[PDB]
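Listed next as structure tokens is one chain, alone, in the form deposited in one PDB entry.
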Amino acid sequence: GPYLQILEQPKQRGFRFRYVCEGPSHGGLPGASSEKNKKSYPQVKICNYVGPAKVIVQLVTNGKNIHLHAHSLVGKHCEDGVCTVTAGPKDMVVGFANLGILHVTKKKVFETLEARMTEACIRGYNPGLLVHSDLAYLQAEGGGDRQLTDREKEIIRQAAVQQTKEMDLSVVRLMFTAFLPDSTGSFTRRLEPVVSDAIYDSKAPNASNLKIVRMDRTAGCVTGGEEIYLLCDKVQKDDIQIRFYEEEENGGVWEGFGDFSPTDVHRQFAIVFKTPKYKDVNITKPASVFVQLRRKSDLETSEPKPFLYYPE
């Protein structure tokens, strides 16, 4: 049967969430394959069907129970924190460019969440899967705008209370839901929703892109701990490591680590450490190893930097 597939995920790290106060037009959510001279965007495709379809995109939480998120989608073809796009008759690929992730404040979560949930139930935006189980009957909206009963409003209030610390404002996910044309012509046949990879706010220090701005000594000796000053982007002192790796011909990689205490991390932006061994010098010619920053929690690495090892 018909199903929805994500052709290109969004980039998990690097994108910055914007609060309302920061204004609009700060850049769209890049796709996973996007580089500086190849602006790519998230892309989905509907398979086993060539015809008209309606695709909606919602921001969902990153917890075990995938629920709605208080952050909003903004940009072209966005309304009330949700994106809606026409999957054309012939071309079944759909890209999402110029999308922004509006970062709600901790205070204004509840209200926002409530509204979103309400709109979902009022528009059939997967009220059963995301808002609450017993609301699954509100998916068949019929035409467009409906009316809600007080019992339905109090279930929404209940899940609006659910918004406890299980709401993580530093990570969201894209959920894409397709809709096939009904016998009446309306776009109501719901396909299976597909969740994308988790997008992390680059302003979160636990999930920012690690980067070595510049290093003190570009080379060193295998003799022992030679002190090096490394200027980097924002890292957390208790979650950061400096890894020297060496790619080998057998497929394996040699690992060494710089020696430093969390106190040696100066105000999250610089590290003073000591270089490790190699081990020893067999080939008296210098060796071209690499060095990078590695986050201990998620094993995320920075772009490599060419380091050199000297003998006696």
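Heads up, when I say rigid core I mean the largest set of C-alphas that superpose within 1.5 Å between the two forms. So that there is no doubt, residue numbering starts at 1 and follows the sequence shown.
This next part talks about the form deposited in another entry, which is not shown.
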item	value
Residue among 207, 85, 175, 102 with C-alpha shift of 2 Å or more between the shown form and the other one, core superposed	207
Note on residue 14-residue 247 C-alpha separation in the other form, which departs from the shown form by 3 angstroms or more	closer
Change in CA distance between residue 86 and residue 140 in the other form, which is 3 Å or more, as closer or farther	closer
